[PDB]
Structure formats: structure tokens, C-alpha cells
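Chain naming here is simple, since letters A, B, ... match the order of the sequence lines and numbering starts at 1 in each. What you see below is based on every heavy atom in this structure, not just the backbone, and it leaves out hydrogens, waters and symmetry mates.
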Amino acid sequence: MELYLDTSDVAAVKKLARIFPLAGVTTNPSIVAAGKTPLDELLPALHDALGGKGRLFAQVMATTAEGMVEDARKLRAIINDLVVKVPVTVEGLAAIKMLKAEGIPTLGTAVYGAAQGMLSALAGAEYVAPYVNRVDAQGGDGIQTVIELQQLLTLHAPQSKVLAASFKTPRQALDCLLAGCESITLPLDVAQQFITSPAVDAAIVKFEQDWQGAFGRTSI
Amino acid sequence: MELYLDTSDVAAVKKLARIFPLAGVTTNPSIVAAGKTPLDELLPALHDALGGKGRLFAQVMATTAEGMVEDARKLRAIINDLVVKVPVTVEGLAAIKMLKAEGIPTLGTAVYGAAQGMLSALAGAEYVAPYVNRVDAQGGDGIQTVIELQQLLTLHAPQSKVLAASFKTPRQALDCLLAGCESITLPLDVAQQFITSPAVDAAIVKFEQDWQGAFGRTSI
Amino acid sequence: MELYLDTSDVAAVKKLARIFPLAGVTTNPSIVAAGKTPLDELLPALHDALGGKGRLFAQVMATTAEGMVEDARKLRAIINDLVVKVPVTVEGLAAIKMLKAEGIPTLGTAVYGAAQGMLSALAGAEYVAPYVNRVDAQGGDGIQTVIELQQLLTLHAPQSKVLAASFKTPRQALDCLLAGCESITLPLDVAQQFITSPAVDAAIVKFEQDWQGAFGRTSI
Amino acid sequence: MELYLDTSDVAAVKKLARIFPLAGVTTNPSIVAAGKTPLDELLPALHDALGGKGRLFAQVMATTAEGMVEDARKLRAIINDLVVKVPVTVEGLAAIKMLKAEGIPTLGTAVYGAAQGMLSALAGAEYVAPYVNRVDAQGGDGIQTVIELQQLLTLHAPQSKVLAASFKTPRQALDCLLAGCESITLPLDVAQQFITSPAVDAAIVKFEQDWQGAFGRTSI
Amino acid sequence: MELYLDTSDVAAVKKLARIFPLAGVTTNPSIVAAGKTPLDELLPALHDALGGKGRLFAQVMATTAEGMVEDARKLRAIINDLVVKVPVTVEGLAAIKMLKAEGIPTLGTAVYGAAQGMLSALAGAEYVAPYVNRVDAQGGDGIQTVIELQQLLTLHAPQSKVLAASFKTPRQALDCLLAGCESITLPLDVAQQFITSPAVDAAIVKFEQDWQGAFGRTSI
Amino acid sequence: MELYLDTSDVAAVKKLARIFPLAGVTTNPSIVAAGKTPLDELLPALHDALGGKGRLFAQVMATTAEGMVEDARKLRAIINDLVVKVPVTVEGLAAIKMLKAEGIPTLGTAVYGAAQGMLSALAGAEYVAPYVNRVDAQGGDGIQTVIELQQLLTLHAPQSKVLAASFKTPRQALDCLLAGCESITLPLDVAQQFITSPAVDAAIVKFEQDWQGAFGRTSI
Amino acid sequence: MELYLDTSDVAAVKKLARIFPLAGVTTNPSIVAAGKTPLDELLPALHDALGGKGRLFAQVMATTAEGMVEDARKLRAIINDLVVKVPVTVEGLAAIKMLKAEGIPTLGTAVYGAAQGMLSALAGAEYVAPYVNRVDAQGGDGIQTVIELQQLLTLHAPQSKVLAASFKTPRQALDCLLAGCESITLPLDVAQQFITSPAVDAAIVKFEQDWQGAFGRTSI
Amino acid sequence: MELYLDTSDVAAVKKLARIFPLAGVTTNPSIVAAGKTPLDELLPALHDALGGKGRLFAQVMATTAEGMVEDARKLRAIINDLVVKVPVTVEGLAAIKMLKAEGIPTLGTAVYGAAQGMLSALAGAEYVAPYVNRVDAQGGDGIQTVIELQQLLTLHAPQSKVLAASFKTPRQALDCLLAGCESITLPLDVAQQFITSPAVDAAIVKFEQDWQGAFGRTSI
Amino acid sequence: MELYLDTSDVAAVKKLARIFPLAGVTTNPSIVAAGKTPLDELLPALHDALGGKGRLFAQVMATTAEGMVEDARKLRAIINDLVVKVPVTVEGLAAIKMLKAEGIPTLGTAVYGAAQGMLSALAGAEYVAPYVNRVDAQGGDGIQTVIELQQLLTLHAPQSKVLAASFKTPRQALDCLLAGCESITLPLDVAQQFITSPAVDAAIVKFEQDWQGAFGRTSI
């Protein structure tokens, strides 16, 4: 399993990198924009925050296949372990094919349907990123879309992975993991919710009280 | 997965060949008739449009097995590596057996039922093409027919593939791919609908807006 | 059950009114445009084609609730038995509420999700029209959307009906009827596919041959 | 439940009328042709064979709606209370509407699909007859068609009944009855198989043997 | 619910009549033979064993419908609350119809299939008795047969009841009751197994021990 | 259906009251705090924003039952149509009983499990509010919790309603509505997402373009 | 997959051997009798009709195990590639064991239950032939029996194959193939129904018309 | 598959050993008692009845582990291929561990629940024998118990087999075999029922009559 | 499978170690407290009670990652084959990573949700212990949490095992084992319930009696 954070918050990555077993960080244009730091600075900072390891993802902005290939080269020049995110559009599919021929790894992003996602894998994308919450938000069934996508890759493009993205609640991310997605990228709030629990905290308090009751101390 | 277009539109094939990872082009008599170009012109033009590679399919017209074998030879003389489509009828089954012995690859076409389709595979067809929408349109269940056919081939003729055909909506094609079909042929309209999305377009607009807001341009 | 045709083709309505038990005709802005005939001419012509009876639907064009109410009154002034189609948007929902207060019947249209649909019913729409094929075409599950919508209306707004729309194959329409939709509108092509079948034609030919064999005529 | 025989064999009807609780007899053109007896003789002979009661069904032969209406009149003159079978075609639907207005009961016959069958009920048919075995024989799913049709009638035309027809095995007829069909018509062979059983015969032999062993006779 | 014992053991009936809420006793020719007491003696003895109440069942032995009607009259003359068991055969169905006309209540017995059973209800039988264990014993699915039969009566003959019979294990009888059978007849061994339990006995022993431990007595 | 907003944002309620068919507004202590307006001002302001109608909900703050009853009376006096939210704790249940006897309507809030929810209804609560997203966020299954709660109320307290609350995505709210919840309260973000759609927006654009094409204007 | 015909009709075998990929022909005592030709003439004639190849099956007639072994040797002396059908009875199972020891291949026939079938496989039969339609006809569920039998062989005797037999409709045979039977024997009527379809015929007519329309001939 | 008889009836074993492919015979204390022959005579007699081969099972009688080990050694010395049945109790589990360490094969018997059964396998038992009918008879679900036991062994102790025991009807035994049990022991009555059938008998009669009809004899 | 006891009751462990095939003993702070014996004395006593073998588990008490590492080393210093239980919190996950690097085996404890559990495995924990009954007791679904966890480990962290913990009834433990947990820890009461049964006791009593009746003794 590859666990990613979906963020441009370098300090938060550093903090969480000692907690979670992170595979790296994913970005998208909005996430990059929120942090107000250009990629030529952000990407090496994230690399450092991870402990000088991990895989980064960053997205092309161009609207032609040729322009997207140019963007991909620029991104790959910034840092070594970098997968290029390409929106799965007409021009984006064409770009994914060209990038396959050139040996630049890609992720098919902005996926709102299973067939669209499968096409990006067949075209050469190593990862396919459905926008789970966006599908939920717009009156669809994001988890069903993930289940279908994962089925398509398993059947038809088994070397490609689902990288599930776009979460507002832990349950969405859990459901993606149960569907078999081999990679996932979490926003910071959902990531933290996985490891915050009133039930767990209460269990620990009770253990401490019992221990103190028996031994007159809270330590071994 | 082998992804085909179901078309005689040479210019459309050239355009989409740089977008999709195409395995080739399928034709049938109505499709060839629509484009008004005879096979001896059309098939080389398709081969060219694909980039001088790919797998073409064309259908016999004769009604006797011996006639169908003669047609198969004529078609193979036009395209030496073409796969010959044979309707799965009494004489069509007889022809498929003869063509197996002769070493000419076949597809069993005009399949409206699973058992009919299985029989064509057992006779030697490398592909079996159910007419999904035609079964749907005539008050049956095209997807159920495909599921059954796929089950039969998996159980009883695993060297043969389903090449699902006849589509009016992306959902039909998606369902066939979910059912495990190892090949599919799409009409131009359905193919384009897979990679056309208001939701995807809006996501990209938003990414551009957010990028511009931060950095004053929509280029990397 | 209310069976509608989804068309501006007056002659085809007259032809099919004899065959189907039609409740009326639905239109939308594209359908009206395709027919080239403005509503003040079209709607009376449809009324006549139906045999001077039936229910007609036509859609507002304005983008503000006030403007939509003005359109509704205009539309109602053309034709007595007219239900006004209102797009289920922010301003559309506002208009549906106002039209309920005024006692003008409405249909909530351009529905791509069940919750959106249900909201239009709660706001006062007598009908809710999911765009089945458009949901299918954009990588969703139009039939699942219809099942959900119908469930919501049955549970929460049982005085409102689904009027299923947007079809490319009989199977979609069949699946909507099986889901319990109490009204449906068919394009001409799908409507005619319901009632023309090679299997049925062949059965009737066989009957005629057997009758001729025994009695030496094909008539009673 | 209304149980019919599907036959032109007058002597067989008389025999089975004392065994089964028959509601009447259905015919179709092939069945009438098989017995070589014209309708004006056959239908009164059937009515007699049933005990001068019961409901008879016979099919029109004309191909225009007006012709079918004329046939219906002719059939009703032979048997005043007969139910007229009309193939569910374009002209057949038109005829069913006309016959509804005239007050002549109809059955919509030659139904190979659920939606086709539903349309006949909505047009006025009191019964709808799917051809179960014919759908089975042609690579479909007859029982699934019946289940769908029954669902449609229950939802959308509950005053109309399914009269399931066309059987090669008791299992098909059983499945139709389990599906909720409120009427059925059996060929003689299937009907007799329901009430013929090696297991039942052996049970009775054993009862007789046991009785004789104790009491020295096989009479009460 | 009507709970019957399937026996000719008068003393056992008396014993169990104060334990179970019995509706009566069923017999068949083998059961009668085992007890070596003719019906003219057995039936009044059973009536007495029940406490001078309850419903009895006894089976005809004749092989013609006319003979079965004669037997039925003889049986009804023996005792008032008597339902006549008729094997569901060709002649048995004919007899059931005649007995309906004459107002003598019947049960359709020796039922090994759902359709056969349903026919006996339609013919007039108030009860239908499938031979559950016999169907199981001969490589069928007795419980499935009961489920199907109960479905047929519920749908098609709701005034008739299933009287489930022929048991070797409580689980069979339980499964019949869960399927909705409104009457059942138990052999003595299975009846007793329902109310014999090592777990129950152990629970009671433990209650007694606890009580003695607290109060020094085993009584209130 | 009763549709609430879950907010203290008076201006936002005023805006959305003309869009949605609101039953009223729910508050909780955090939501009230975020607005920084005390209830004795907020509740009349919300009443007015709704159009001087609707039902408001507010939560007690005391931790003893007697304290909670005092809170209840105080809240009721601020505005007529006011249902008192009581946390389903030990003291909360005691307070709900007391409030039933006084005839003050209550809602049992802070529900994280079905049995807890049911108990509040049995004690007299008219509504029970599961915290769907909170259950999801802490590693449980919020929707399953709602399904079970709804089942318990339908079986055991059918006079009580589920008022589903706590949402981060439209899909959660939809799933609650599908589960049968007869009331729901939405945060502003989720409410707005129900009626925001790129697909709907694009549909309306296309209509406008088609209309303009035919008629030379975008109005009727 | 092994596809057999179940027939004694030599000319029909020769005709169909050209069309189907036949593994051989099965016979039973009734089939042989119907053809009027004794086995010592029939079996060589079938061999020739198949093209001097294929596997033949014929059934013993004796009622003792010793007699069945004598029949098997006689049958094997007629034809080299011959599998001896043995009824799965007490003496049949004894014979199957003896024939295994002698190295004569067997098929366990007249199977009406899964356990009975499995026993024949365990005793040494290479094939087990359930009588699908006979189970259906006598009020059972022949397909359920086949599913169970196939499960038993897969689990407990995987070297043995189901050879599904006894068919009145294509659907039964289809369902057996879907259940995973690795061999099947078809009567002539059902075999031919698989490969003749009004829908298929109509498709090929349309192709021919469209081709003629464009190219002014119906040939390539 | 290992097929056992559950009996002490030597003559019956001799008879059935030539019919069924037996793996051997199981005994228990009650079955041994019923035969009134001590094990030191019975076990060699059974060995001979099987043909001087096969695997025998016999149960310890001691109630301490040490006692049970002594019983085990004694049983093993009577006959080579002997598996020792040990009741899965507190002392039985202890004995099973000890017998594993000594290399004496065991079966864990008197199993009435899946977890109990699993524990015996983990302790070293090669077989685990659930008492299917006893669980059924005491108001539980024997087949479900077997399904769960089989699941536990497959997951957690795959070297161990279920040896399903305790049967009153063929259906119980069939259901165990369908659940995957790799061994089974049948009482004589149930064993015989597997291979007794009125339907099979009637099939063979009909064959004989048809053969006689054509050929003037009942032999080949 | 690894079977543990969840206890600090040294004498009970010694007693049960000869009955069950134990892998060792688990403790937690409450269980240790309950025994009133410090770890430095308890853990060697438990080692001895197991027979000087097996694996022990004990929990850290510190709240920082650095403190938890210090505790881990302290615990390893007491007992050789000891796995350190670490609560799956923020600091716990950090500690699990550190302990993985150092090669000290860990178990991720206090797991109330599947994703939380999976994270601990990904961080390096060899075992993950969901608190089954604690989840059940707080209104969740402990078994569903275990099913989800086991799926997550199987898919995403197959080297890690579920060690199911926290039981009030055998059914919970059984359900965890059915879910495929590869290790489990039982409290004493549940462990003993698995292997004590009135039904089993009664069976053995009846065996003894039958044996007595035949052989005039209860022993082999």
C-alpha cells in the first residue's frame, strides 16, 4: 500500500512523516495555489519534509498534448521521484500516450468515471486517481465508481493502480481501501481523524487508572 | 484489453488513433455500406489511418460455407492479417470449422445468444461478438447475454475472447468491460462520450482559476 | 401509467397516437428548436395531433425565478392542459415554490441526481424528470439514479411522480418502468423499437403459413 | 387462478375437463391448423367439451387494425363471450385500442418482451400472453421476461393479467406460476406431466401392500 | 396453526394431548395398517383420546374417482369432524372435484411437487400435504418443494392450507413452519424431540442448585 | 419530509428559505457559539428569516435532569414552535421522561448508536438525531447506524422520527433519505451542493444555444 | 468441452457433423429402439457419419452386475472408442466398480439426484449423466440437481465430468453449460434451435440490403 | 472423498462393500453395543467384510486423558488402519494433544459446535466429526454448524478433515457433501436411500419395454 | 492459528495449557492490575505456567513515542519471547515505526476501527488487536470492524495478523475466527465455554449406558 498526503503544507508533512508510513505527497493546482509556493520550491521542500525520500506528484497545466509533454519535462527536471498528473481529457489521453513512449511515469487525474479512468491506464498511466468526494458531491456514487474502476484495472490493466483521492470523511477513504485500491492520498484533516478517537483515549485513561489502583504509579 | 473502433470513417480513425490506445478497427456490412467506399480501398486506408499497424476485421457476405471460405480468402488478400467475421449461422459454423483447418482467424458475429456464441468459439473462432444493443432493443437483456457468454468462454473455450459490439450508450460498454470482456469495439459517438465530461471540464477550469489567482498565469 | 412522446414532430405524433395509448407529448428547448416551429404554433398542433386531448409539457427559458414565473404564465396562456418544466437549479427551485403558490403545475427537469429531484418534488413539482441517458453518458448510472429518485418520492413525496426521460435504448426505458416510474417520455426511435421485433414478425409469418397449409387462405 | 388448455383436440379437452378445474381453452392459428377443423366448428365443439361453459380464446389473422377488428367481430359471432387474441404489433396495438372502445375483450399475444406486453395492457388488453418457450428457444430468458412482465402489470396495469403460454416442460410453467401469473395455458403433454409421477405411483402401491398385509384387502 | 400427530397409537395420542395443543390426528393406510385396528374402531378411539374433540384425517383406498367418492362417504359416516385424504393423481383430482361439489372436505395427499399440490387446491382441497422427507429421501429438496407449494397457495389458492407431513428430523418440521405452513402433522418421535433437550434439562438442574444454595430447599 | 438547515447564520437562512422548502432550522451549542448570538435573540431572528413560520430546535446545556427541564421551559418560552434537544445520556433520558409528562416536545441528540437512539424515543422523544458523520469519522458506519435506528423506530416507536444530522458530503445525506429518515438537517455547504451541478449548468447552456440557433433569442 | 448428439439418426449425424464440432454421439435403449437399427449396425454407421472418429456411448441392458459386465465387453467389441453407460442402481454401482478394475470406461446414467451421481463417479465412472428434463418433468428442479452434482464432482471427484442429458428447450442446456458441465448431449431439435434464430436471420438480411444499397450486389 | 458406513453390522458391510466405494467403517460406543460384539472381534470382522482393507474408527471409553491414551494404544493394536475417536471434552482435548505427540491418528468426536470442532483439529485430530442430526434434533442448525466447521478447518487447520456423521435423511448428508466435507459416514438406511429410487426404477422399465418393442428381447 | 489466553491468572494458565494448544498469554494494563502482581513477577510465572515456552504480550504505559520505546525495551528485558503492545495513537504509531527499525516485535492495540488498525500494521506491527466487545458495547459492530480489518490486512499488509481480543460470548470469538483472524486471545470464561457443553455431556453419558447395557462395564 502507498499512503500519500494531499497537501502543500510542508510543516504538516514533516510532522506526520514520523507518525504515518508515508509513500510521499500528491499535489494539484489548487493545493499548490493554496500554499502560494511555486513547484520549483515546494517539491524540494516536500522531499526534505519526508526525510529526503518518497514519491511526489504534480499536475500539468497546459491544454494541448504537446504543451502537457513540455510541462511534464519541466516537472521531472525539478525532482527525481516525480510522477506527472495528467487530466484524463482528449488531449490528456494523447499526452499520456506520448509520455509512455518517452518513459515519463504518469497518473490519470480528474477521473469522474470508471471507463475514463480505465482508458488512462490503457494509454500508459501507472496510477488512476478518481475524485471520490467530487463524484459524491455532484449526486453520484463515488465509492461505486471506485469499485468499478478497481474492477476494470484488475481485469484489464493490472499493472496500473488506483490512487483514490478527494475525501471529506474517513468512511470514504476506508471504503476505497476495502475496495482494494493499492494507493490513496488523504487530506490532513481526514488523515488525522483516522488516528483521533474518544473511545481510544478513554480506554487508555481507564488502563492508567486501573494500573495506578494496583501499583500506586502510572509507569512500568 | 483490445480497444477497437467500429467505423468506416478513415479520418475519424486517424484523429482518434492519437487519443486512444487502439488495437484496430472493426467493420460490418452496414458500416462499410454507410461510408460508400469498397473494402479493397477502405481496408488499406484504415490500416494506414491506424499508423500502418493494428488488427482489422471484415465480414463475409456469402450464404454457403464454401462461399464464405472464398470470401475469407478474398478479404485476407486485401489485408493479409485481417480477422474474418462470419455470422454464427448453420453455414457460418461450418465455415468457421473450415477456416480453422485452413489457419485463417475468425470472429463469430451476429451473436444474439450465449450458447450460439459459445458454439462459434468451439468451432474455432478466436473472437465472439454479441450484438449488445440489438438484444437490448428487441426486448432482451444484452448485458445478461454478455455475462452468460463470457462465463461460457471462461469455462469452456478460454482461448476465445468476447469482442463486445453494438452500443448506444457508454453504460452498455462499461457494463461489458465490468463483465470481463477482453475486447470491445465502440462506435465513434460512444467512444467520444467516454472522454467528454462537463464535470471534468469544470474541474480543470477551477484548477486554472486557482492557479491564476495565486501566480497570475495558467502555465506551469 | 402515463406514456408520453418526447418530440416536436407533429405528423409522427398523429401517426403514433393511433397506435400507443398516449398521455401527451413532452418538449424541451432542444426538441423545440430541432422542429423549427415556435411554441405558439407547435403546442396547438400537438394538441390536434393527439386528437384534441392529452397533456403537454414545455420548458421555461429564463434564468431568474421571476423570469421563470413569467414564462410559465406565457406557456399556460398558449395551452390549457400544460405543465411547465422548470430546471432544478437554485432559481428553478425558487420558481417551483412560487408556481405552487400560484397553482401552476410544474415538472422539475434537468435532474442528474436523486436528491436534486426529490427537492423539486418537495418544492411542489408534480413530476420529476431524471435525464437517464445523460447520466449514463457521463460515466454515472442513470438507472441507479432513477431507482434512488423513485425511492425518495415513494418515501418522502408520494404525490409526485417520476417522469423518466432521455433514452437511447429500450432497455433503459424498460429498467425505468421496472423501477416503478409512473410516467415516461420516449423518443420516437425507442418508442418504435418497443413494438417492432424480428421474433414477433417471424411468429406471425409462421402462423400465416400454418393457417394457409390447413385452410388454403391466410384470412379467418 | 385460471387454468387453460392450449389445444384444438376436442376429445382431449372433454377427458381432462373432469380431471382439472379448467377455466377454458386457448387456441392460436398453428394449434387450429394442426386439428384441421375450422373455427366455426372447432370453437362450439370446445365450448361443448368443457360442459357448455368456460372461456375460449382465438386469434385474428388480418394484418391491418381495421381488418383485425373485422376478424374480432367474426370470432365473437362464433362465440359471443370469446376473448380475442391480437398480436402485439403496430397494427395490433391500434386494434386493441379500437376493440377496447367497442367493448370486445382482448388478449395481447405473441409477446416476446415485457415492455411490448405492458403496452398491450395499457391499450386495453385484459390478458397478456408471453411466449415463454419461444423466448427460451431463441437464446433469451423466458422466465425472466415473465417476471418482468408480471412486475410491469402489477405496477402499471394491475387490472390486466399475464396468461403465460408456450411450454415444453412443467418446470417452465411452475416458474411462471411462482412468478405470480394469474392465468396459464398448458399444452396437453405438460398438463399430463404435472399429474403423472413414478414417485406418487410407488407411494400408492406401498400403501396398498401395507393395507393388504394387515387387513387382507385393498378396499376401505 | 393446526398441530396434528401422524399416528394410529391411541394411547400415545391421549398422553400427548395434555402436553401439546393438538388440532387432531392424521392417518394414512400404512399408519392404519401398523396399528392393526380398522378405521371404524380407530377413528372413534382417536376422537376419545383427544378428549372428544379435534379433527381427524383418513385416506381413501379406491383407484377410480367414483370409488374414491364411495370411500369418502364411508369415512364421513364413521365420524363427524373428518377430512378425506385423496392422493393427487388423475383419478384423485377428479374425485376432489366431485367431493367439492358434494361438500365433503378433502386434503390432497401424496404430493411430491408444488404444481401437483396446487392443482389439488384449485380442484377443491382445503389442505395439501407434501411428503417432505420422501422428497428429501429420493434426492430432491423437500423444503424447497414446500416453499414453492406455499408460495403457489398464497398466490393462487389462499383459502387452502399446506399440511406438511413426512418427517425424520425436527429441522425439517421447523423449516416447514418457517416457510409459513399453516398446519403440520408430526410423527411421535419428532414431536417428542421438540420438547426433549439436554440444554434445557441442565438449565433447570442449575436453577435448582442455585436455589438450594441460597434457601436450603428446592421449593418456593 | 421535514427539511432543516443546521446553522446559526440568519442571513444564510433568509437566502435559502426562498429556495428550499424548509421546515425550519436546527441548532446545537457549537453552532450557536459560532454565531456568537444568544438564543433569546437568535431564535426570533431565525423565525423571521424563515418568513415568520417553521419549527426551531435548540439544545439544553444543564447536566442534571432537573436542570435540563428548567432549560427546556426557558427555551419553549422564547418561541412557540420549539423542540428541545436533550443529549441521550443517563440524565438526558431522565429529562426526556419528565418532559413527556409535561408535554414539552423533545429530540434525543448526540446519538452514536441505534439502541441509545431507540431508548430516547421510548422515553418520549418525537425525534432522534444520530450524528452520522461523527460515527463515520471515528471509524464506525454512520449510515448503518441510521438504518438500524430507523428499523428500531419503525418496529418499536413508530410515532418517533429520525432527524439525521452531521454531514460532510451529499452522499451521506442521500443515504439517510434512502434509509427512510422522515427528517434531516443539512449544513449550508452540503445543502448548496445538492443544487450545484456542472452537468446541470452545461445542460442549460446547450438548451440556450440550441434555442438561439433556431429562434434568434434566448427567451420564449 | 465435449458436445454430443443424443440420437440414432445416422443421416442427421452426418449432416450436423459438418456444422457442429462434435465429440461424438450418445445413445440409450429408447433412442436405439426408435431408430430400429441394432447396435452392431448402428454404432459403426455412427462412427462413419462422424467422419470415422469421435466417441460413442451405449447402455447395458442386463439387471445384474455380472450381466452388465458381459454387456460392456460385448459393446466394447463392436467399437473401439466406446464408453459403456451403466444405470446408477445397486447392481449398476457394483458393475461400475468391476469395470473400473477391468479398465473399461463408464458413464453413470439414469441419474435423478446429485448424491446418486457422485456415487457413480467415486465408483469409477468417467462421466455422470443427470436426466435434466426428466427431473424437471416430475416436479423437481433439474438445473438445481445439475448444479449440486457439478459441485460434488468438482469438490470430491474432479477427474469425472458431468455429461448433461435430457432436454426439451435450449434454456435447460444453456443453464447446464453455465453450471460448468464439461460435456453435454443434445437432441436434434434443441441442437438446431441453438443455431437458428429469427433475430440473426433478420440481421443478415439487413446487412445484405445495406450492402446492395451501396454497392449494387449482395456479394463481396 | 472418504465414504464410510456407520455400523457394527458385519454382514451388511460385506453386502454393501461390493456396491459402494467404501473407505471403511466408523463405530461409536452405542453402535458397538447394538452389535453386542466386543471390538477385538468386531474390528477384524469388519476388516474382512471390507475385503481385508480400509480404515476403521473406534472410540475411547475412558474419561481421563491418561485413560484415553491407554484406550487408544489398545485399539491401535487390534488392527493396523485404525483412527481413534476421542470426545472433544476437556480431557478429550488433553488426550488428543498427547496422541499427536505419540503419532496415533485421532478423530475429534461428539462435536456439536464449530469452535469445539476446530479446537480438536488444532490439538492434532486428523478428522472432526460433527453430529449433524443431533444438532438438528435439539433445535439447532446442523448443516450451518458443518458449514462453519468446514470454514474453520479450511482457514485454520487445512490438514484436518470434516467427517460428517449422524444422519436421518439423505438431504442432510447431501448438504454436508455440498458444504465441502472431505469424509462422511452413513447409517445403512440413509446409504441405501441414496441408491433406491422409484424414478430410476421406472426409467429402466421404460427402457426395457422400448427395447423389447423394437428387438423382441430385453438383452443386447 | 495462534490461540492465546487473556489473563494474569497463572494457575488457570497452567491448568488450561495441558488442555488447549496454547501459543501463549496476552495481558493488558487492566488484566495485570486485576492480578495485583507486577510484570517482573507475573511474566516469568506465566512463562513457567505455559511449560517454559510460548509467547507473551504486554503493554507499554508511557504516553510519548520515546517513553514507549523505553518501555518496550524494559518489557523485552523481562521475558525473551515477548511482543510489545502499543496503543494505536499518534505517539503509538510513531513508536511502532521506531520499534520496527530496532527489530522489536509489536502489536497495535486499543483498535476500535479498521483503518486505525491497518495503519498500525503498515507502521510495522506484526499483530493488530481490535477490541471486539468494546466496539459492540459502545453501539458499534465489533464483528463488522474485524471483517473490515482482516480485509485491509489481507489486501494491504498481508504479513500482519489480526489478534482478535475482547470477548463476552463464544459467538463473538467464533465470528472472528470465521472472518479469518489468524490469532485470537480468549478470556478464561469464554475459553471454557467452548469446551463445556450439556449436549456433549449427555451424549457421553448415553454412550456409557449403552456400553454398560451390552458389556456390563463402562471401559474398553
Query raised in the report: Which residue pairs pass the side chain to side chain donor-acceptor pair (under 3.5 Å) test with at least one member in residues 195-208 of chain G, sequence neighbours excluded?
Result: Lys206(G)-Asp210(G)
Query raised in the report: For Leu119(D) and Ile195(C), what are the C-alpha separation, side-chain angles and deciding distance, and is it a side chain to side chain contact (heavy atoms under 4.5 Å, CB included)?
Result: CA-CA 9 Å; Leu119(D) 288 168; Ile195(C) 61 180; 3.6 Å; yes
Roughly how far apart are [X] [atom1] and [Y] [atom2], rounded to 0.5 Å?
X         : Y         : atom1 : atom2 : value
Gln172(B) : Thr169(B) : CD    : OG1   : 6.0 Å
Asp136(C) : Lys168(B) : CG    : NZ    : 14.0 Å
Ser120(D) : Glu126(D) : OG    : CD    : 12.0 Å
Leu16(C)  : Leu3(C)   : CG    : CG    : 10.0 Å
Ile184(B) : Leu163(B) : CD1   : CG    : 8.0 Å
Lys161(D) : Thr154(D) : NZ    : OG1   : 12.0 Å

Report the residues that fulfil salt bridge (charged side-chain N to carboxylate O under 4.0 Å, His left out) with [X], sequence neighbours left out, ordered by chain and then residue number.
X         : result
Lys100(D) : none
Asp6(D)   : none
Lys97(D)  : none
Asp9(C)   : none

Query raised in the report: If you look only at pairs with a residue in residues 113-142 of chain D, which of them pass as a ring pair (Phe, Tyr, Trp, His ring centres under 6.0 Å), with sequence neighbours excluded?
Result: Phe57(D)-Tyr127(D), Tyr112(D)-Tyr131(D)
Report yes or no: does [X] contribute a side-chain atom to a donor-acceptor pair with the main-chain N or O of [Y] at less than 3.5 Å?
X         : Y         : answer
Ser183(C) : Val162(C) : yes
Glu182(C) : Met1(C)   : no
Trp211(C) : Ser219(C) : yes
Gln116(B) : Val88(B)  : yes
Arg171(C) : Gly140(B) : yes
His156(D) : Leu177(C) : yes
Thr64(D)  : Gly67(D)  : yes
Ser160(D) : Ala125(D) : yes
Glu148(D) : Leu178(C) : no
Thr26(D)  : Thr185(D) : no

Does a side-chain heavy-atom distance below 4.5 Å link [X] with [Y]?
X         : Y         : result
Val60(D)  : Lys85(D)  : no
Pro87(B)  : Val200(G) : no
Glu91(D)  : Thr63(D)  : no
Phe194(D) : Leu186(D) : yes
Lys15(C)  : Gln192(C) : yes
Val135(B) : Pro130(B) : no
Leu153(C) : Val128(C) : yes
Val86(D)  : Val84(D)  : yes

Looking only at non-hydrogen atoms, find the nearest pair between [X] and [Y] and report the distance.
X         : Y         : result
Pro105(D) : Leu82(D)  : CG-O, 3.8 Å
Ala123(D) : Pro21(C)  : N-CG, 4.0 Å
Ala179(G) : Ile147(G) : CB-CG1, 3.8 Å
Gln150(B) : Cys181(B) : OE1-CA, 3.5 Å
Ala72(D)  : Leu99(D)  : CB-CD2, 3.7 Å
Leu50(C)  : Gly24(C)  : CD1-CA, 3.8 Å

Report task. Decide side chain to side chain contact (heavy atoms under 4.5 Å, CB included) for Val25(D) and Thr7(D); before the verdict, give the C-alpha distance in whole Å, the side-chain angles of both, and the deciding distance to 0.1 Å. Result -> CA-CA 7 Å; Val25(D) 173; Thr7(D) 189; 4.0 Å; yes
Report task. Might you work through the side chain to side chain contact (heavy atoms under 4.5 Å, CB included) test for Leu174(C) and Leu152(D), ending with a clear yes or no? Result -> CA-CA 9 Å; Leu174(C) 171 62; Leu152(D) 290 187; 3.9 Å; yes
Report task. Return yes if a side-chain donor-acceptor contact under 3.5 Å exists between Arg55(D) and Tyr4(D), otherwise no. Result -> yes
Query raised in the report: Are a donor atom and an acceptor atom from the side chains of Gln144(B) and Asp141(D) found within less than 3.5 Å of each other?
Result: no
Report task. Show your working on side chain to side chain contact (heavy atoms under 4.5 Å, CB included) between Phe167(B) and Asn133(B) and close with a plain yes or no. Result -> CA-CA 5 Å; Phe167(B) 297 108; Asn133(B) 189 62; 5.7 Å; no
